[PDB]
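A short write-up of the structure that comes next.
Throughout, read-outs are computed from the coordinates displayed, never taken from laboratory work. Positions of Cβ are generated from backbone atoms using ideal geometry, with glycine treated the same way; all protein chains shown enter the neighbour counts.
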Amino acid sequence: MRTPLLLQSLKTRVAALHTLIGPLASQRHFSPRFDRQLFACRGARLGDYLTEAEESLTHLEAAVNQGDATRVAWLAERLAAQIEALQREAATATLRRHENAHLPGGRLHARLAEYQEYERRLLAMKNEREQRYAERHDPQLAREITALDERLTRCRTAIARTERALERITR
């Protein structure tokens, strides 16, 4: 059995940099530490990095439907490491933003930390059902993981559009 040790440390330093380059790009701030050499996007907002993060979760899920248990476990270890880095750095960041900053940065912290927790359980239902039914190798289980994959994408997009309209008539 082979597990990534150096690649896991490289990935946590990137999600650690993302929270320090996070609430600053949604408003008018000066950030010189944007690493555009390893990224593909225009990048002057949290919106373009969230759209690349939603698309990277959906591409690794497609390989899960091929049936590699090593790519599932690698993503499971990357999911637990990102829980510690994003939920905790967003948790101390909401205390300087519970003051005057709370209206232009308060509901974004709910999308970053609280909505990554709801995406993790819909993903858990896809992972546990694929392990025990992998031993049977029939096409019926491939229709069931694919059906839960469509619900993770349909529930997150429809709820985000209704939350944007609620942010505009706040006052």
If you check residue 27 against the conditions, is it in contact with a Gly (Cβ under 8 Å, 6 or more places away or on another chain), of a type in the set (S, T, N, Q) and loosely packed, with under 13 Cβ neighbours inside 10 Å?
yes
When the residues of the range 54-93 are narrowed to those that are β-branched (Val, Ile, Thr) and touching a residue at least 24 places away in the same chain (Cβ under 8 Å), which ends up nearest to residue 149 (Cα to Cα)?
58
So is residue 143 exposed (fewer than 10 other Cβ atoms within 10 Å of the Cβ), of a type in the set (D, E, K, R) and either over 17 Å from the mean Cα position of the chain (by Cα) or under 21 Å from residue 62 (Cα atoms) (or both) or not?
yes
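Of all helices (runs of 4 or more DSSP H) completely enclosed by the range 60-171, which ones contain at least 2 residues that are closer than 30 Å to residue 2 by Cβ and touching a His at 6+ places or on another chain (Cβ under 9 Å)? I'd like the intermediate steps shown before the answer.
Numbers: elements: 69-93, 115-133, 140-168.
It comes to 69-93.
From the list 111, 154, 161, 120, which residue is loosely packed, with under 11 Cβ neighbours inside 10 Å and within 16 Å of the chain's Cα centre (by Cα)?
154
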Which one of these does residue 91 not meet: (1) surrounded by 13 or more Cβ atoms within 10 Å (Cβ to Cβ); (2) in contact with a helix residue (DSSP H, G or I) (Cβ under 9 Å, 6 or more places away or on another chain); (3) of a type in the set (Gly, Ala, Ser)?
(1)
